[PDB]
2 protein chains.
Amino acid sequence: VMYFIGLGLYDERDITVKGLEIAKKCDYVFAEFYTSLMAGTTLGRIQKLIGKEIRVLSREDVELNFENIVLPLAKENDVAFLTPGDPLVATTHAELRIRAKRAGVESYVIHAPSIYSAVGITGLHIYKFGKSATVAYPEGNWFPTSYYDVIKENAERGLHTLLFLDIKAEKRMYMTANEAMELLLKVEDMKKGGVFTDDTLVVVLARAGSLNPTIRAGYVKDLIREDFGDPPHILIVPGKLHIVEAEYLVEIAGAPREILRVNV
Amino acid sequence: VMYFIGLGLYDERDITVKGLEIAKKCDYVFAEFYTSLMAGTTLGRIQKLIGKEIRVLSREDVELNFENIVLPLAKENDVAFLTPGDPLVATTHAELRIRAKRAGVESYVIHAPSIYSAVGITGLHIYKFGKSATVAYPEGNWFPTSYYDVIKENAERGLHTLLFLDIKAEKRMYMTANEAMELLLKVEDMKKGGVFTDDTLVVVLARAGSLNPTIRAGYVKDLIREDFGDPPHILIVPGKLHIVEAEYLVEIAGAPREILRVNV
Ligand SMILES: Nc1ncnc2c1ncn2[C@@H]1O[C@H](CSCC[C@H](N)C(=O)O)[C@@H](O)[C@H]1O
Ligand code: NA
């Protein structure tokens, strides 16, 4: 059998009891730390907590040799594949389950807290979020913009936008909410849809999962230069607020009391 | 100090290690099972795993008296507030942190798996979900249908719509995917907007969190009367599929081959 087990958001403890119970009694343990950053732990602590040796795999080992490195062992033993947060959220690991099927391997998913639901601690109603997007680093003469249209589309409907920030694990590069805002501003001049400016209200959630995450709401002009701590970060562009969402942003995220005055 | 700790998705093992340890160091432990129930376990088993007695709070005990029942103790003690899923996902829970602030009480959030990220196991891409909704039971002269317009607006833009099904927590009466489909067909007959029909494709997820969840995909006309096992049930109406999504539904969720040409 094959086990996809999420490790959670911040540290090793963010794993579900079920996850740890099963990880402990597995023959082989593999993992990847390229889809996200667990800024609160080390491979050692995970290994010490699990009680097994962990073979960390690269994006390539996975995307090209999952069935060559992991699956073979899964037909004779109980093998676990570990990932940050929930293993099937904002990743392409879901497809790996098909590889397992075609390989004669039974696979199970043990969920864990994901950043996709952790946004609830921002005060924004989770059901009000619309389509999601990723702000990707520009590479060479290629400048990604799609995520800008996502914000626009949701904005018209009154919905919130969750922006997954880019990550270059191998270069130990983790995009900050600031870089994301600087990129959006640049796309705003390029497109001029009045979708993202200095006056746009944004929400920053940094290091969710830690007992002391950074939750900040405010205008780009004021937050674009603010220090939100070490990564990972996520950026949120709220749609039409609800009075209680606004009260939470002000009371808990330190937003300008003037946002309380919702323009229904 | 008080802790909002998520209980997870299905059973008492879905709580995170961090959540279980903290709940054990708490002087008092409250829990609510009105926003949702844990069908994979019991209050007795959760009480035993933590090794603390747990006082259950009704919907009114919380929404009306949270500050007179839970917060008082949090002054000279460490209190735990357990909820199914991930904390603050339930819409009225985030405002409780404002109550905690108002009362001079520090609050921390201990995340856990939520259905919002767990639906990833359907093989649908998270970022493609739009606004979410709850299918409510008609009753008396009230026949709510806004959840239909959500499916309409989401699908229109190629987005998946996550549908929470009704629940009468106290009476422990869940709405089945079947009843939800019957209801939608009935609503389509009302508004006739070509949103939900016998030919519409849907995905039914039952018992997320369990090692053996029920994942089924197919046309309403073939699922409207299928048995998906015991509750809870989540209904999902996908927009235009990504080929990789369709193959997953065909391979893992038992969807018909027809979707590889019809819904891609
Ligand atoms: N604890 C955390 N705090 C803030 N952002 C986080 C985060 N975990 C993930 N992210 C965000 O999501 C990106 C990884 S996307 C993969 C998400 C992961 N499977 C999950 O379930 O969370 C990061 O670059 C960051 O922008
Ligand atoms: Na969503």
# chains A, B, ... in the order shown; residues from 1 in each chain; ligands from 1
call {"tool": "interface_residues", "arguments": {"of": "chain A", "to": "chain B", "cutoff": "6 Å", "atoms": "only C-alpha atoms", "output": "PDB file with N, CA and C atoms, in the first residue's frame"}}
result
ATOM      1  N   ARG A  13       4.523  18.918  14.344  1.00  0.00           N
ATOM      2  CA  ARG A  13       3.362  18.628  15.179  1.00  0.00           C
ATOM      3  C   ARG A  13       2.045  18.918  14.458  1.00  0.00           C
ATOM      4  N   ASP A  14       2.155  19.656  13.338  1.00  0.00           N
ATOM      5  CA  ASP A  14       0.953  19.999  12.586  1.00  0.00           C
ATOM      6  C   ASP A  14       0.391  18.793  11.830  1.00  0.00           C
ATOM      7  N   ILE A  15       0.956  17.610  12.139  1.00  0.00           N
ATOM      8  CA  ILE A  15       0.490  16.394  11.481  1.00  0.00           C
ATOM      9  C   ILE A  15      -0.699  15.773  12.219  1.00  0.00           C
ATOM     10  N   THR A  16      -1.633  15.106  11.560  1.00  0.00           N
ATOM     11  CA  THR A  16      -2.775  14.554  12.270  1.00  0.00           C
ATOM     12  C   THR A  16      -2.307  13.310  13.011  1.00  0.00           C
ATOM     13  N   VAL A  17      -2.962  12.994  14.125  1.00  0.00           N
ATOM     14  CA  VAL A  17      -2.609  11.815  14.904  1.00  0.00           C
ATOM     15  C   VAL A  17      -2.554  10.612  13.972  1.00  0.00           C
ATOM     16  N   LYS A  18      -3.607  10.463  13.169  1.00  0.00           N
ATOM     17  CA  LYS A  18      -3.722   9.376  12.209  1.00  0.00           C
ATOM     18  C   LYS A  18      -2.505   9.344  11.305  1.00  0.00           C
ATOM     19  N   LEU A  88      -2.751  17.000  -1.487  1.00  0.00           N
ATOM     20  CA  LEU A  88      -3.426  17.177  -2.779  1.00  0.00           C
ATOM     21  C   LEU A  88      -3.901  18.600  -3.084  1.00  0.00           C
ATOM     22  N   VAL A  89      -3.554  19.550  -2.227  1.00  0.00           N
ATOM     23  CA  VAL A  89      -3.981  20.929  -2.413  1.00  0.00           C
ATOM     24  C   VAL A  89      -2.906  21.803  -3.040  1.00  0.00           C
ATOM     25  N   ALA A  94      -2.093  14.623  -6.944  1.00  0.00           N
ATOM     26  CA  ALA A  94      -3.313  13.847  -7.155  1.00  0.00           C
ATOM     27  C   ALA A  94      -3.115  12.855  -8.295  1.00  0.00           C
ATOM     28  N   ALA A 112      -4.159  16.888   6.146  1.00  0.00           N
ATOM     29  CA  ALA A 112      -3.501  17.695   7.161  1.00  0.00           C
ATOM     30  C   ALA A 112      -3.963  19.126   6.949  1.00  0.00           C
ATOM     31  N   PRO A 113      -3.718  20.014   7.924  1.00  0.00           N
ATOM     32  CA  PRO A 113      -4.168  21.386   7.688  1.00  0.00           C
ATOM     33  C   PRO A 113      -3.469  22.028   6.485  1.00  0.00           C
ATOM     34  N   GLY A 120      -9.121  31.109   7.101  1.00  0.00           N
ATOM     35  CA  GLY A 120     -10.273  31.448   7.928  1.00  0.00           C
ATOM     36  C   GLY A 120      -9.874  32.325   9.118  1.00  0.00           C
ATOM     37  N   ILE A 121      -8.601  32.178   9.533  1.00  0.00           N
ATOM     38  CA  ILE A 121      -8.115  32.965  10.660  1.00  0.00           C
ATOM     39  C   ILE A 121      -7.906  34.431  10.276  1.00  0.00           C
ATOM     40  N   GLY A 123     -10.406  36.195   9.111  1.00  0.00           N
ATOM     41  CA  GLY A 123     -11.679  36.834   9.399  1.00  0.00           C
ATOM     42  C   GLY A 123     -12.608  36.886   8.200  1.00  0.00           C
ATOM     43  N   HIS A 125     -14.890  35.327   5.375  1.00  0.00           N
ATOM     44  CA  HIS A 125     -15.697  34.127   5.284  1.00  0.00           C
ATOM     45  C   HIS A 125     -15.088  33.258   4.209  1.00  0.00           C
ATOM     46  N   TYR A 127     -16.329  30.774   2.504  1.00  0.00           N
ATOM     47  CA  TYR A 127     -17.184  30.429   1.365  1.00  0.00           C
ATOM     48  C   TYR A 127     -17.242  31.558   0.340  1.00  0.00           C
ATOM     49  N   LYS A 128     -16.813  32.748   0.748  1.00  0.00           N
ATOM     50  CA  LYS A 128     -16.848  33.891  -0.139  1.00  0.00           C
ATOM     51  C   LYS A 128     -15.652  33.995  -1.081  1.00  0.00           C
ATOM     52  N   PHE A 129     -14.675  33.107  -0.912  1.00  0.00           N
ATOM     53  CA  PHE A 129     -13.517  33.095  -1.787  1.00  0.00           C
ATOM     54  C   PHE A 129     -13.969  32.547  -3.141  1.00  0.00           C
ATOM     55  N   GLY A 130     -13.453  33.120  -4.223  1.00  0.00           N
ATOM     56  CA  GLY A 130     -13.803  32.655  -5.550  1.00  0.00           C
ATOM     57  C   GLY A 130     -12.606  31.893  -6.066  1.00  0.00           C
ATOM     58  N   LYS A 131     -12.371  31.944  -7.371  1.00  0.00           N
ATOM     59  CA  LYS A 131     -11.235  31.260  -7.988  1.00  0.00           C
ATOM     60  C   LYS A 131      -9.925  31.654  -7.295  1.00  0.00           C
ATOM     61  N   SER A 132      -8.945  30.756  -7.289  1.00  0.00           N
ATOM     62  CA  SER A 132      -7.662  31.051  -6.644  1.00  0.00           C
ATOM     63  C   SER A 132      -6.557  31.186  -7.690  1.00  0.00           C
ATOM     64  N   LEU A 211       1.864  29.474  16.510  1.00  0.00           N
ATOM     65  CA  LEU A 211       1.004  30.122  17.480  1.00  0.00           C
ATOM     66  C   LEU A 211       1.023  31.635  17.342  1.00  0.00           C
TER      67      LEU A 211
END
call {"tool": "select_by_dssp", "arguments": {"residues": "stretch 32-202 of chain A", "states": "alpha helix (DSSP H)", "output": "PyMOL selection string"}}
result
chain A and resi 43-50+59-69+71-74+96-102+115-118+146-157+177-191
call {"tool": "select_by_dssp", "arguments": {"residues": "stretch 184-228 of chain B", "states": "strand (DSSP E or B)", "output": "JSON, numbers by chain"}}
result
{"B": [201, 202, 203, 204, 205, 206, 214, 215, 216, 217, 218, 219]}
call {"tool": "write_last_selection", "arguments": {"atoms": "C-alpha atoms", "output": "short mmCIF file (atom, residue, chain, number, x, y, z; two decimals), in the first residue's frame"}}
result
data_model
loop_
_atom_site.label_atom_id
_atom_site.label_comp_id
_atom_site.auth_asym_id
_atom_site.auth_seq_id
_atom_site.Cartn_x
_atom_site.Cartn_y
_atom_site.Cartn_z
CA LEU B 201 -21.93 15.88 -14.10
CA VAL B 202 -21.44 15.70 -10.35
CA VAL B 203 -18.97 14.41 -7.80
CA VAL B 204 -20.05 12.93 -4.50
CA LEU B 205 -17.60 12.72 -1.61
CA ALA B 206 -18.55 10.80 1.51
CA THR B 214 -16.49 7.18 -1.01
CA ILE B 215 -15.50 9.10 -4.13
CA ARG B 216 -17.97 8.87 -7.00
CA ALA B 217 -18.31 10.81 -10.26
CA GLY B 218 -20.96 10.58 -12.93
CA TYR B 219 -24.14 11.99 -14.38
#
call {"tool": "atom_distance", "arguments": {"atom1": "atom CA of residue A:150", "atom2": "atom CA of residue B:235"}}
result
24.4 Å
call {"tool": "atom_distance", "arguments": {"atom1": "atom CA of residue A:256", "atom2": "atom CA of residue A:148"}}
result
24.6 Å
call {"tool": "atom_distance", "arguments": {"atom1": "atom CA of residue B:104", "atom2": "atom CA of residue B:76"}}
result
11.3 Å
call {"tool": "residues_around", "arguments": {"residues": "stretch 31-36 of chain B", "least_positions_apart": "5", "cutoff": "10 Å", "atoms": "only C-alpha atoms", "output": "MDAnalysis selection string"}}
result
chainID B and resid 4:7 9 43 54:62 80:85 89:93 167:170 172 232
call {"tool": "write_last_selection", "arguments": {"atoms": "N, CA, C and O atoms", "output": "short mmCIF file (atom, residue, chain, number, x, y, z; two decimals), in the first residue's frame"}}
result
data_model
loop_
_atom_site.label_atom_id
_atom_site.label_comp_id
_atom_site.auth_asym_id
_atom_site.auth_seq_id
_atom_site.Cartn_x
_atom_site.Cartn_y
_atom_site.Cartn_z
N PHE B 4 -8.35 27.61 20.16
CA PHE B 4 -9.38 27.13 19.25
C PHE B 4 -8.67 25.96 18.57
O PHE B 4 -7.75 26.17 17.78
N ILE B 5 -9.09 24.74 18.87
CA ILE B 5 -8.44 23.57 18.30
C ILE B 5 -9.36 22.80 17.37
O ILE B 5 -10.49 22.47 17.73
N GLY B 6 -8.87 22.53 16.17
CA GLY B 6 -9.66 21.79 15.20
C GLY B 6 -9.62 20.30 15.48
O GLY B 6 -8.56 19.73 15.77
N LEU B 7 -10.78 19.66 15.39
CA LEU B 7 -10.87 18.23 15.63
C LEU B 7 -10.64 17.40 14.37
O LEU B 7 -10.51 16.18 14.45
N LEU B 9 -11.52 15.98 10.37
CA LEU B 9 -12.63 15.59 9.52
C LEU B 9 -13.60 14.49 9.93
O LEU B 9 -14.80 14.71 9.98
N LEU B 43 -18.31 11.24 21.29
CA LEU B 43 -17.82 12.18 22.29
C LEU B 43 -16.99 11.40 23.30
O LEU B 43 -16.01 11.91 23.85
N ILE B 54 -15.04 16.69 28.60
CA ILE B 54 -15.39 17.74 27.66
C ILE B 54 -16.82 18.20 27.80
O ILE B 54 -17.75 17.40 27.76
N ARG B 55 -17.01 19.50 27.99
CA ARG B 55 -18.36 20.02 28.10
C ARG B 55 -18.83 20.46 26.72
O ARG B 55 -18.18 21.27 26.06
N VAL B 56 -19.97 19.93 26.30
CA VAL B 56 -20.51 20.27 25.00
C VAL B 56 -21.36 21.53 25.09
O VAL B 56 -22.18 21.68 25.99
N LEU B 57 -21.16 22.44 24.14
CA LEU B 57 -21.88 23.70 24.10
C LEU B 57 -22.84 23.72 22.90
O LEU B 57 -22.44 23.41 21.78
N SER B 58 -24.09 24.11 23.14
CA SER B 58 -25.06 24.17 22.05
C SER B 58 -24.80 25.39 21.19
O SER B 58 -23.92 26.19 21.49
N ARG B 59 -25.58 25.54 20.12
CA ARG B 59 -25.41 26.68 19.24
C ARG B 59 -25.67 27.98 19.98
O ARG B 59 -25.01 28.99 19.73
N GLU B 60 -26.62 27.96 20.91
CA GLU B 60 -26.94 29.16 21.66
C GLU B 60 -25.91 29.44 22.75
O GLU B 60 -25.60 30.60 23.02
N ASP B 61 -25.40 28.39 23.38
CA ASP B 61 -24.39 28.53 24.43
C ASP B 61 -23.19 29.30 23.89
O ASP B 61 -22.55 30.05 24.62
N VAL B 62 -22.90 29.10 22.61
CA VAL B 62 -21.78 29.77 21.97
C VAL B 62 -22.15 31.14 21.39
O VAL B 62 -21.64 32.16 21.84
N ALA B 80 -9.65 25.21 26.23
CA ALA B 80 -9.62 24.69 24.87
C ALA B 80 -11.04 24.68 24.32
O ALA B 80 -11.99 24.32 25.03
N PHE B 81 -11.19 25.11 23.07
CA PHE B 81 -12.50 25.13 22.42
C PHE B 81 -12.35 24.25 21.18
O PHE B 81 -11.71 24.63 20.21
N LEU B 82 -12.93 23.05 21.23
CA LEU B 82 -12.83 22.11 20.12
C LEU B 82 -13.97 22.24 19.14
O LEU B 82 -15.12 22.42 19.54
N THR B 83 -13.65 22.13 17.86
CA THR B 83 -14.68 22.21 16.83
C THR B 83 -14.30 21.23 15.75
O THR B 83 -13.12 20.93 15.57
N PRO B 84 -15.29 20.68 15.04
CA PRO B 84 -14.96 19.74 13.97
C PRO B 84 -14.23 20.53 12.89
O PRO B 84 -14.27 21.76 12.90
N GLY B 85 -13.54 19.84 11.99
CA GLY B 85 -12.82 20.53 10.93
C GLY B 85 -11.69 21.44 11.38
O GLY B 85 -10.98 21.14 12.33
N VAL B 89 -13.37 28.22 10.32
CA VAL B 89 -13.98 28.02 9.02
C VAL B 89 -15.47 28.32 9.10
O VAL B 89 -16.04 29.04 8.28
N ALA B 90 -16.11 27.69 10.09
CA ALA B 90 -17.48 28.07 10.40
C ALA B 90 -17.59 29.59 10.47
O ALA B 90 -16.76 30.28 11.06
N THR B 91 -18.64 30.11 9.83
CA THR B 91 -18.69 31.53 9.50
C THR B 91 -18.73 32.46 10.72
O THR B 91 -18.18 33.55 10.71
N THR B 92 -19.43 32.02 11.78
CA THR B 92 -19.58 32.90 12.94
C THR B 92 -18.47 32.69 13.98
O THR B 92 -18.40 33.36 15.00
N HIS B 93 -17.54 31.77 13.76
CA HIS B 93 -16.48 31.52 14.73
C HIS B 93 -15.37 32.56 14.83
O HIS B 93 -14.86 32.81 15.92
N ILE B 167 -28.07 19.86 7.53
CA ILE B 167 -27.86 19.01 8.69
C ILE B 167 -28.66 19.55 9.87
O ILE B 167 -28.76 20.76 10.05
N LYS B 168 -29.24 18.64 10.65
CA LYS B 168 -30.01 19.01 11.83
C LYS B 168 -29.27 18.44 13.04
O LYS B 168 -29.82 17.65 13.80
N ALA B 169 -28.01 18.86 13.18
CA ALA B 169 -27.06 18.43 14.23
C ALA B 169 -27.71 17.77 15.47
O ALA B 169 -27.42 16.64 15.84
N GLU B 170 -28.59 18.54 16.15
CA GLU B 170 -29.21 18.03 17.38
C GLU B 170 -29.90 16.68 17.16
O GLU B 170 -29.71 15.71 17.89
N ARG B 172 -29.45 14.81 14.77
CA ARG B 172 -28.55 13.94 14.01
C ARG B 172 -29.18 13.45 12.70
O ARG B 172 -29.19 12.27 12.37
N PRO B 232 -21.24 12.06 6.67
CA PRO B 232 -21.76 13.17 5.87
C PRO B 232 -21.47 13.01 4.36
O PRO B 232 -20.65 12.19 3.95
#
call {"tool": "closest_residue", "arguments": {"among": "A:163, A:261, A:50, A:146", "to": "ligand 2", "atoms": "only C-alpha atoms and all ligand atoms"}}
result
A:163
call {"tool": "residues_around", "arguments": {"residues": "residue A:183", "least_positions_apart": "3", "cutoff": "10 Å", "atoms": "only C-alpha atoms", "output": "list in words"}}
result
residues 135, 136, 137, 138, 143, 144, 145, 148, 177, 178, 179, 180, 186, 187 and 188 of chain A
call {"tool": "write_last_selection", "arguments": {"atoms": "N, CA and C atoms", "output": "CSV table (one decimal), in the first residue's frame"}}
result
chain,number,residue,atom,x,y,z
A,135,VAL,N,0.9,33.8,-7.8
A,135,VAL,CA,1.7,34.9,-8.4
A,135,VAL,C,3.0,34.3,-8.6
A,136,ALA,N,3.4,34.1,-9.9
A,136,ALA,CA,4.6,33.5,-10.3
A,136,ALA,C,5.8,34.5,-10.6
A,137,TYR,N,7.0,34.2,-10.2
A,137,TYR,CA,8.2,35.0,-10.4
A,137,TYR,C,8.3,35.1,-12.0
A,138,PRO,N,8.7,36.3,-12.4
A,138,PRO,CA,8.9,36.4,-13.9
A,138,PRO,C,10.3,35.7,-14.2
A,143,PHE,N,6.7,37.3,-18.5
A,143,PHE,CA,6.1,37.9,-17.3
A,143,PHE,C,4.6,37.5,-17.2
A,144,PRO,N,4.4,36.5,-16.3
A,144,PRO,CA,3.1,35.9,-16.0
A,144,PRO,C,2.1,37.0,-15.5
A,145,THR,N,0.9,36.9,-15.9
A,145,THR,CA,-0.1,37.9,-15.5
A,145,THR,C,-1.5,37.4,-15.1
A,148,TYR,N,-3.8,38.2,-12.3
A,148,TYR,CA,-4.4,39.5,-12.3
A,148,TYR,C,-5.8,39.5,-12.7
A,177,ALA,N,4.8,38.7,0.5
A,177,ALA,CA,3.6,39.4,0.1
A,177,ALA,C,4.0,40.7,-0.5
A,178,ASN,N,5.2,41.2,-0.2
A,178,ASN,CA,5.7,42.5,-0.7
A,178,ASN,C,6.0,42.3,-2.2
A,179,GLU,N,6.8,41.3,-2.5
A,179,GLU,CA,7.2,41.1,-3.9
A,179,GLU,C,6.0,40.8,-4.7
A,180,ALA,N,5.0,40.2,-4.1
A,180,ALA,CA,3.7,39.9,-4.8
A,180,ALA,C,3.0,41.2,-5.1
A,186,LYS,N,2.9,46.4,-11.0
A,186,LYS,CA,3.5,46.5,-12.3
A,186,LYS,C,2.6,46.0,-13.4
A,187,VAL,N,1.8,44.9,-13.1
A,187,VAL,CA,0.8,44.4,-14.1
A,187,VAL,C,-0.3,45.4,-14.2
A,188,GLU,N,-0.6,46.2,-13.1
A,188,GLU,CA,-1.7,47.1,-13.1
A,188,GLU,C,-1.3,48.2,-14.1
